[PDB]
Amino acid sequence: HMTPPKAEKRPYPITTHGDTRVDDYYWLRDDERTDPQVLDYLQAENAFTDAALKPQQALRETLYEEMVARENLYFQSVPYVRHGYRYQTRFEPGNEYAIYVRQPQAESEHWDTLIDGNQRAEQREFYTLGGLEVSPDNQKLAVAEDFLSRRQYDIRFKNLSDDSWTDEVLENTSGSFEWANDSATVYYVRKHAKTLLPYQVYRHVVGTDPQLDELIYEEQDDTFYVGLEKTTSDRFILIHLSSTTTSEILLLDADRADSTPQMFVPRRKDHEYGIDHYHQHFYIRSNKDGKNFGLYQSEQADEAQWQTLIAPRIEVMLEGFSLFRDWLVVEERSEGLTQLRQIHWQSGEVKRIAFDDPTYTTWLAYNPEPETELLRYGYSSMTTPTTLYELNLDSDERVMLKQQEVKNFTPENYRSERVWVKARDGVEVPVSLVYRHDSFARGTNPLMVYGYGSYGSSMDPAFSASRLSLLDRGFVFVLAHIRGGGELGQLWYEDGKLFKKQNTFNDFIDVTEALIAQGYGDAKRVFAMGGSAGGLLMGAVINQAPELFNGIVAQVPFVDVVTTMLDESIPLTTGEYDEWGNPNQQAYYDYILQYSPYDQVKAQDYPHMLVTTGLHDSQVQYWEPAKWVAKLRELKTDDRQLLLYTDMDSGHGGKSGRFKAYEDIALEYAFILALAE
């Protein structure tokens, strides 16, 4: 019925390597965000989406209500102990924000409020708590807060003796800070006042005018993130410098006055390392000798003196480690599973943590004190809501500390499988899927296939409460563990980026085709979703295999890839040459252009699609999805649904916006369910 919005065409030629591309919608980019013609097109598309989805209002309400009905209003964190105090985080129904409390470890009865987010948010438009830490002497609270929504954190200090605040604010910080052992000095990271990248380390004396703060270090390469850490031993504060490929650490003596940074290992392209310090040794996770990382012990910085504890292995990715009195614990990936292993410092005894589930994830949880035999670790599966366990590393006694509460949920109603798909190049691609048993009939259920596939980020199999709204309406829900992700380690990542990026899209198509061929779902009712770099996935797969999918949800999608990667004025671009490549080089221009979804839109039939973006914030800038929809409307030959939904909100809510997050999920799921009917 209704005529969709038609963006004005303004042919804008871009010539690179002699190749002229004509962009009719280049003008939808307005960095100042005030062009009235640009806002008219976004608003027009919002009105069209509103109009087209109006019949789905009742379904959106039903979905919203059933999603919120699974969740407990009252949430209390698992208490932890640090420096002789016990800490809990509390959410009350009709409180917008968490309250952070504590008590002395030997106390049971009384809890003291550290910070009430509801009191801090009073008379403000926006509030996000970026982080919180009491000083070693238990007397001062440091907090990083954003009142403006720009992810620029103010750091302030509270005297816990009388609940008074000090007079100073540390402004435009990353929220990264560490206490010196004097409980009087803090190190913090300042963002660049233009690019907002973290780039300077300052030393501040609490109570004092920040004009007196000393500049400790400035990073000259803005592809390197600047973070601060504190070692398990408390002996060093670390300046942690890292790009996508390359690390460097500098050490600050946490005990002595006037510390200056001490080099650990000077940066070297493609050497990624991270350190800790404990038991008078440095512990180093490093890829110096293999892409899957090894763990080393050293007395000194000198890389030539690093002793091998765990050699890099082709079959096992080393992700991280924690240090305890008697045990090393590592988190690893092997054969498409996450795993924890513990190794005794003295006996060399190795233990593996056993589970029994085809599609689960396990990880090291928060372990702030090393002088303990108790390990806290997380678990989640497609069928088992997220759980925190405490394991005695000596006795193997495993105790549940907390389970995610899911109302109106019977876990035995659902089944999950791990499936391996031989891809078109013969590489085995893992898949994790879950469905409701009593509505499953082979070849008849709609599929929802979810992928990401960039940055070596893994779409680890884990429990989703909102997902039950699809499973309880007959959907088979699929995680496709495609190349460019991290599920099979660093080589799985490298075989899905740069001159291998097309493998991500091929793997998504190959998994989808296999699951249809094998009878997991209805060939006519296959749906897909991905966001950001997963939106690039959605955009490439519908250009390449438009007939495979009934309908698509592309969130904040990265689709204008060649044009964006040619322009260093766009945020992310300078830091993403080691992901997609640098199209200033003809080899990368050609390789990227081949999949760049905006460039490869053709006059062909597409699936139904809902596309989302945001005006006021961005990771992908709002214009890429708007230009993409404009071009799809111009060229596509089908009469299927194409909708753009642009978030106009001037900012966020409680840590993201929970009400809003469920409203967004309900709108997307109603769109998909209406197509599946």
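The first residue of the shown sequence is 1; numbering continues from there. Whichever C-alpha set is largest while still superposing within 1.5 Å between the two forms counts as the rigid core.
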| query | finding |
| --- | --- |
| Greatest C-alpha divergence in 6 other deposited structures of this protein once each structure is fitted on the rigid core, 583-591 or 215-223 | 215-223 |
| Stretch departing more from the displayed form, 53-61 or 644-652, Cα RMS in 6 other deposited structures of this protein (core fit) | 644-652 |
| Segment of higher mean CA temperature factor, 573-581 or 398-406 | 573-581 |
| Residue range whose averaged C-alpha B-factor is higher in the record, 230-238 or 553-561 | 230-238 |
| Of the residues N367, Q339, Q88, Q297, the one carrying the largest Cα B-factor as recorded | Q297 |
| Largest Cα B-factor, entry values, listed residues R70, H608, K627, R633 | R70 |
| Third assignment of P597 from its chain's C-alpha B-factors | lowest |
| Where the record places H481 (Cα B-factor, split into thirds across the chain) | lowest |
| CA B-factor ranking of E218, expressed as a third of its chain | highest |
| Chain thirds of CA B-factor: placement of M2 | highest |
| Within-chain third of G496 by Cα B-factor, per the entry | lowest |
